[PDB]
RNA sequence: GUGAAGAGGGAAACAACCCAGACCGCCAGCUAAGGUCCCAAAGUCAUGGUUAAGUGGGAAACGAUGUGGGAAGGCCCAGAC
RNA sequence: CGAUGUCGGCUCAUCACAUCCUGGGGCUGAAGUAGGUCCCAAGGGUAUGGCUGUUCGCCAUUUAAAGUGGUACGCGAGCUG
RNA sequence: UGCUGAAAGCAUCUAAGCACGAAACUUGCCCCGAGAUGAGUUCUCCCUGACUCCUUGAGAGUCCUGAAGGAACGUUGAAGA
Ligand SMILES: [Mg+2]
Ligand SMILES: [Mg+2]
Ligand SMILES: [Mg+2]
Ligand SMILES: [Mg+2]
Ligand SMILES: [Mg+2]
Ligand SMILES: [Mg+2]
Ligand SMILES: [Mg+2]
Ligand SMILES: [Mg+2]
Ligand SMILES: [Mg+2]
Ligand SMILES: [Mg+2]
Ligand SMILES: [Mg+2]
Ligand SMILES: [Mg+2]
Ligand SMILES: [Mg+2]
Ligand SMILES: [Mg+2]
Ligand SMILES: [Mg+2]
Ligand SMILES: [Mg+2]
Ligand SMILES: [Mg+2]
Ligand SMILES: [Mg+2]
Ligand SMILES: [Mg+2]
Ligand SMILES: [Mg+2]
Ligand SMILES: [Mg+2]
Ligand SMILES: [Mg+2]
Ligand SMILES: [Mg+2]
Ligand SMILES: [Mg+2]
Ligand SMILES: [Mg+2]
Ligand SMILES: [Mg+2]
Ligand SMILES: [Mg+2]
Ligand SMILES: [Mg+2]
Ligand SMILES: [Mg+2]
Ligand SMILES: [Mg+2]
Ligand SMILES: [Mg+2]
Ligand SMILES: [Mg+2]
Ligand SMILES: [Mg+2]
Ligand SMILES: [Mg+2]
Ligand SMILES: [Mg+2]
Ligand SMILES: [Mg+2]
Ligand SMILES: [Mg+2]
Ligand SMILES: [Mg+2]
Ligand SMILES: [Mg+2]
Ligand SMILES: [Mg+2]
Ligand SMILES: [Mg+2]
Ligand SMILES: [Mg+2]
Ligand SMILES: [Mg+2]
Ligand SMILES: [Mg+2]
Ligand SMILES: [Mg+2]
Ligand SMILES: [Mg+2]
Ligand SMILES: [Mg+2]
Ligand SMILES: [Mg+2]
Ligand SMILES: [Mg+2]
Ligand SMILES: [Mg+2]
Ligand SMILES: [Mg+2]
Ligand SMILES: [Mg+2]
Ligand SMILES: [Mg+2]
Ligand SMILES: [Mg+2]
Ligand SMILES: [Mg+2]
Ligand SMILES: [Mg+2]
Ligand SMILES: [Mg+2]
Ligand SMILES: [Mg+2]
Ligand SMILES: [Mg+2]
Ligand SMILES: [Mg+2]
Ligand SMILES: [Mg+2]
Ligand SMILES: [Mg+2]
Ligand SMILES: [Mg+2]
Ligand SMILES: [Mg+2]
Ligand SMILES: [Mg+2]
Ligand SMILES: [Mg+2]
Ligand SMILES: [Mg+2]
Ligand SMILES: [Mg+2]
Ligand SMILES: [Mg+2]
Ligand SMILES: [Mg+2]
Ligand SMILES: [Mg+2]
Ligand SMILES: [Mg+2]
Ligand SMILES: [Mg+2]
Ligand SMILES: [Mg+2]
Ligand SMILES: [Mg+2]
Ligand SMILES: [Mg+2]
Ligand SMILES: [Mg+2]
Ligand SMILES: [Mg+2]
Ligand SMILES: [Mg+2]
Ligand SMILES: [Mg+2]
Ligand SMILES: [Mg+2]
Ligand SMILES: [Mg+2]
Ligand SMILES: [Mg+2]
Ligand SMILES: [Mg+2]
Ligand SMILES: [Mg+2]
Ligand SMILES: [Mg+2]
Ligand SMILES: [Mg+2]
Ligand SMILES: [Mg+2]
Ligand SMILES: [Mg+2]
Ligand SMILES: [Mg+2]
Ligand SMILES: [Mg+2]
Ligand SMILES: [Mg+2]
Ligand SMILES: [Mg+2]
Ligand SMILES: [Mg+2]
Ligand SMILES: [Mg+2]
Ligand SMILES: [Mg+2]
Ligand SMILES: [Mg+2]
């Protein structure tokens, strides 16, 4: 995944989740769009 | 558990296969149990043994009393071992060298040979500085021992000159070779601490 | 007219028990230190150990708020070359549950001979049984 | 809030007991116990179960809808008993069962003996398929994940252990 | 303006900041700035909120269905998401 | 400035982590092998020579690797000069 | 990396709960270590006398006993300045 300081919704299936304090962007279609932090 | 045993030099055992295995001969007299410590009284289960003999005058009354409570003869010194739950021993029991018949590897413990006051070269394997090329009064010295103003001090556990040896050390997992009951011996492969005539503590390997 | 000062030989010493079960660490520790120092007594003198003997039983059950069960760290140096040893509030109670109260009180006592003298008064315990039944230590809350 | 505002039906032969907050549901398949959260409050109203929040606590409606759905699952579990269909894809890979210990041969140099905690009834219809049943969704779901963890789907041939319902994304060699 | 050439109290420690200008004595009282759970004098004061981050108790562009308080808009039992 | 010996080497080190190896991971333009990148991780380990005062550097040949920095560009009441 | 799972009829590794997960962490291995003044346990051993004086003190004393053990001394050591 990416650990960029400005995570955002890249495609339509991307979904924002706050796990354990950290904001993540989990996705179904592309595992690339998986990204942490910020 | 463990046994106390005098070190008696070294030899080698030639096997007919075509190998000489260098053995330390440890003579293990009858280790007689003087006292049994338990969780009721002491807070830990253990046994206190003795071995060898002592002179009637050279033993003190505090020891002679202690020995008289067990019924055993006063052995030259007293050592203690912990018990491994299942095994349980009684007072006035003479433990023979047949305890190490079934085992394969042992951790021999002993007081190492006293090298006296030792320099950093001998003690810590510090490298000798240049033997010539201008060197002034500083061939075997330690060199630097610290930084500058920041610590402004030598840090603790700095490797320096001082006492080397005469300290307890443990050689781990030496292979047992022969266990002669008749002569009361225990032959282990390799060199173990102390000098000929020093007291060792032999006990089963902990890394099986 | 010179004012009164509590003379050690004449100092009355009381014994107490505190059950820490569920109590908050700091708020317990504070009230302990207040007593151990002898602030509650009207004969308080700063240079004398007027405070009372306290037995704190059930130390391990002491409660802490927020995420301090995991997050609150207890650092200490070994006095060695690079030896900084830390331990969280959980790990502290797992190993040494007496230390938790000890450290929390010791920080709130004064620093010095009398401060160390008034810490000796405190008697912390992990379990609920205490072997000071001789002194008839009365219950405190 | 709204899952919580939808009573759970309790069929016949399903003995329920509310020990304060500690719930116990007994049934035909297995007896199940749930130590519920303090913020939730639970009662029996007519045939169905009622679930609501406690006044004073901050997050009532989040906690309330959990208990509802947990016990909805718990009641369905003791009545029907849940099942999971795992399949092993790829040559050499195969499953087997002997007692309560799943024996696998997932291309490794050593036998992967997986133990089954709790009342989990595992079986093998074919050599390359594991169907396992039980009371809890938790233990089944976990065990199923532990079987899948030994060899996850290789996204190329789809080799490894898979859930039957699960789709797998393949990709080409470049 | 202060220090220099100004002590005292606060700012943990801190010429230059805040408070305040030491003639001497007193085991009297009222206050300032700071404070009032313990170290350490004084509120574990009262009331109504807000923070879950040990934030408070270091830092920006940007990034987020974290979480209060408003004020409008959508557009629907012909049941809107 | 009524003196705080200043490059490099040797000796002895010690800490940081912005990790060179070793260990654990996510995505891949990841078939496997071998990588690329980012995340976690400081326990231990981390060449010998040629040339040059050199630090560097370029070579030669290795190595799992031949880390980057702080420490008065650590270390002359320890050496060299 | 997951499981179960509300907020948000779905989704969702998290807010309740339930698991995995590294040479780091605490242990396991080795050494020291009760001056740990919080000075800790056991086991044994030894001493069971008369009398005076005072501010009737945890007291100054007189005779009389001298134990266990120790130190000294010697002969010395694979122990040691
Ligand atoms: Mg985690
Ligand atoms: Mg006793
Ligand atoms: Mg002797
Ligand atoms: Mg010697
Ligand atoms: Mg030498
Ligand atoms: Mg060296
Ligand atoms: Mg050399
Ligand atoms: Mg010269
Ligand atoms: Mg010189
Ligand atoms: Mg000279
Ligand atoms: Mg020399
Ligand atoms: Mg200093
Ligand atoms: Mg509210
Ligand atoms: Mg599911
Ligand atoms: Mg001024
Ligand atoms: Mg001037
Ligand atoms: Mg001033
Ligand atoms: Mg001032
Ligand atoms: Mg300041
Ligand atoms: Mg202060
Ligand atoms: Mg001050
Ligand atoms: Mg001033
Ligand atoms: Mg002002
Ligand atoms: Mg004036
Ligand atoms: Mg005046
Ligand atoms: Mg006033
Ligand atoms: Mg006023
Ligand atoms: Mg003001
Ligand atoms: Mg004010
Ligand atoms: Mg002070
Ligand atoms: Mg106060
Ligand atoms: Mg006060
Ligand atoms: Mg109060
Ligand atoms: Mg209150
Ligand atoms: Mg209040
Ligand atoms: Mg209030
Ligand atoms: Mg509020
Ligand atoms: Mg709150
Ligand atoms: Mg902060
Ligand atoms: Mg900060
Ligand atoms: Mg947004
Ligand atoms: Mg929301
Ligand atoms: Mg809030
Ligand atoms: Mg407004
Ligand atoms: Mg000068
Ligand atoms: Mg000078
Ligand atoms: Mg100098
Ligand atoms: Mg230099
Ligand atoms: Mg050189
Ligand atoms: Mg060097
Ligand atoms: Mg080191
Ligand atoms: Mg380091
Ligand atoms: Mg980078
Ligand atoms: Mg790397
Ligand atoms: Mg590599
Ligand atoms: Mg390896
Ligand atoms: Mg690795
Ligand atoms: Mg491995
Ligand atoms: Mg890797
Ligand atoms: Mg790959
Ligand atoms: Mg990652
Ligand atoms: Mg890192
Ligand atoms: Mg280190
Ligand atoms: Mg470390
Ligand atoms: Mg370790
Ligand atoms: Mg090291
Ligand atoms: Mg290196
Ligand atoms: Mg090199
Ligand atoms: Mg080259
Ligand atoms: Mg460097
Ligand atoms: Mg300098
Ligand atoms: Mg520098
Ligand atoms: Mg320098
Ligand atoms: Mg540098
Ligand atoms: Mg010199
Ligand atoms: Mg230098
Ligand atoms: Mg110097
Ligand atoms: Mg010199
Ligand atoms: Mg010269
Ligand atoms: Mg010259
Ligand atoms: Mg769900
Ligand atoms: Mg929605
Ligand atoms: Mg919403
Ligand atoms: Mg789901
Ligand atoms: Mg998932
Ligand atoms: Mg290794
Ligand atoms: Mg010892
Ligand atoms: Mg004392
Ligand atoms: Mg004692
Ligand atoms: Mg006793
Ligand atoms: Mg006793
Ligand atoms: Mg007198
Ligand atoms: Mg005599
Ligand atoms: Mg005599
Ligand atoms: Mg005699
Ligand atoms: Mg001698
Ligand atoms: Mg001699």
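Computed from the coordinates by the stated procedures, all read-outs in this text should not be read as laboratory data. Note that we place each Cβ from the backbone using ideal geometry, even for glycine, and neighbour counts take in every protein chain shown.
Please state which of the following conditions residue D:149 fails to meet, knowing it meets all the rest: (1) free of Cβ contacts under 8 Å to residues at least 60 places away in the same chain; (2) farther than 30 Å from residue D:72 by Cα.
Answer for residue D:149: the failing condition is (2).
Could you figure out which of (1) under 20 Å from the mean Cα position of the chain (by Cα); (2) touching a residue at least 12 places away in the same chain (Cβ under 8 Å) isn't true of residue D:168?
That leaves (1) as the condition not met.
Checking residue D:149 against (1) over 13 Å from the mean Cα position of the chain (by Cα); (2) part of a loop (DSSP other than H, G, I, E, B); (3) surrounded by fewer than 18 Cβ atoms within 10 Å (Cβ to Cβ): exactly one of these is not met. Which one?
With respect to (1) over 13 Å from the mean Cα position of the chain (by Cα); (2) part of a loop (DSSP other than H, G, I, E, B); (3) surrounded by fewer than 18 Cβ atoms within 10 Å (Cβ to Cβ), residue D:149 is out only on (2).
Has region B:111-131 got any residue that is within 16 Å of RNA strand G (Cβ to nearest atom) and closer than 30 Å to residue B:35 by Cβ?
yes
For region C:56-76, name all the residues that are over 30 Å from residue C:131 (Cα atoms), more than 14 Å from every other protein chain (Cβ to nearest Cβ) and not in a loop (DSSP other than H, G, I, E, B).
Of everything in region C:56-76, those that are over 30 Å from residue C:131 (Cα atoms), more than 14 Å from every other protein chain (Cβ to nearest Cβ) and not in a loop (DSSP other than H, G, I, E, B) turn out to be C:68, C:73, C:76.
Taking chain A only, how many residues are more than 13 Å from ligand 61 (Cβ to nearest atom), without any contact (Cβ under 8 Å) to a residue 24 or more places away in the chain, farther than 25 Å from residue D:155 by Cβ and surrounded by 11 or more Cβ atoms within 10 Å (Cβ to Cβ)?
2
Taking the options D:91, D:3, name whichever one is in contact with a helix residue (DSSP H, G or I) (Cβ under 6 Å, 6 or more places away or on another chain), in a loop (DSSP other than H, G, I, E, B) and surrounded by fewer than 19 Cβ atoms within 10 Å (Cβ to Cβ).
D:3
Here's a check for you: in region B:151-170, which residue that is in contact with a helix residue (DSSP H, G or I) (Cβ under 9 Å, 6 or more places away or on another chain) and farther than 14 Å from residue C:81 by Cα is nearest to the other protein chains (Cβ to nearest Cβ)?
The selected residue is B:160.
Exactly one of (1) loosely packed, with under 14 Cβ neighbours inside 10 Å; (2) more than 14 Å from chain B (Cβ to nearest Cβ) is unmet by residue C:79. Its number?
If we test residue C:79 against (1) loosely packed, with under 14 Cβ neighbours inside 10 Å; (2) more than 14 Å from chain B (Cβ to nearest Cβ), just (2) comes out false.
Restricting the search to region D:59-81, which residues are buried (at least 18 other Cβ atoms within 10 Å of the Cβ) and assigned to a loop (DSSP other than H, G, I, E, B)?
Correct list: D:60, D:81.
Have a look at B:153, B:203 and point out the one that is exposed (fewer than 13 other Cβ atoms within 10 Å of the Cβ) and away from ligand 78 (no atom under 16 Å from the Cβ).
B:153
Looking at (1) assigned to a loop (DSSP other than H, G, I, E, B); (2) farther than 27 Å from residue B:26 by Cβ; (3) away from ligand 9 (no atom under 16 Å from the Cβ), can you tell me which one residue B:136 breaks?
(3)
Regarding residue B:141, is this residue surrounded by 12 or more Cβ atoms within 10 Å (Cβ to Cβ), more than 19 Å from the chain's Cα centre (by Cα) and away from ligand 61 (no atom under 16 Å from the Cβ)?
It is true that residue B:141 is surrounded by 12 or more Cβ atoms within 10 Å (Cβ to Cβ), more than 19 Å from the chain's Cα centre (by Cα) and away from ligand 61 (no atom under 16 Å from the Cβ).
What is the residue count in region C:23-47 for residues that are in a loop (DSSP other than H, G, I, E, B) and touching a residue at least 60 places away in the same chain (Cβ under 8 Å)?
2
So residue C:102 ticks every box in (1) part of a helix (DSSP H, G or I); (2) surrounded by fewer than 17 Cβ atoms within 10 Å (Cβ to Cβ); (3) within 16 Å of the chain's Cα centre (by Cα) but one. Which box is left unticked?
(2)
Looking only at residues that are surrounded by fewer than 13 Cβ atoms within 10 Å (Cβ to Cβ) and within 16 Å of RNA strand F (Cβ to nearest atom) in region B:100-127, which one is farthest from the chain's Cα centre (by Cα)?
Only one residue fits best here, namely B:127.
Restricting to region D:23-58, what's the tally of residues that are out of contact with any helix residue (DSSP H, G or I) (no Cβ under 6 Å at 6 or more places or on another chain), over 18 Å from residue D:77 (Cα atoms) and part of a strand (DSSP E or B)?
Here the count works out to 5.
For the structure I just gave you, tell me whether residue B:199 is touching a residue at least 60 places away in the same chain (Cβ under 8 Å) and away from ligand 6 (no atom under 16 Å from the Cβ).
Yes, satisfied.
Given the conditions (1) within 14 Å of chain B (Cβ to nearest Cβ); (2) surrounded by 14 or more Cβ atoms within 10 Å (Cβ to Cβ), report the number of the one that residue C:108 does not fulfil.
Just one mismatch for residue C:108, condition (1).
Against the definition (assigned to a helix (DSSP H, G or I) and farther than 30 Å from residue B:30 by Cβ), how does residue B:156 come out, yes or no?
It is false that residue B:156 is assigned to a helix (DSSP H, G or I) and farther than 30 Å from residue B:30 by Cβ.
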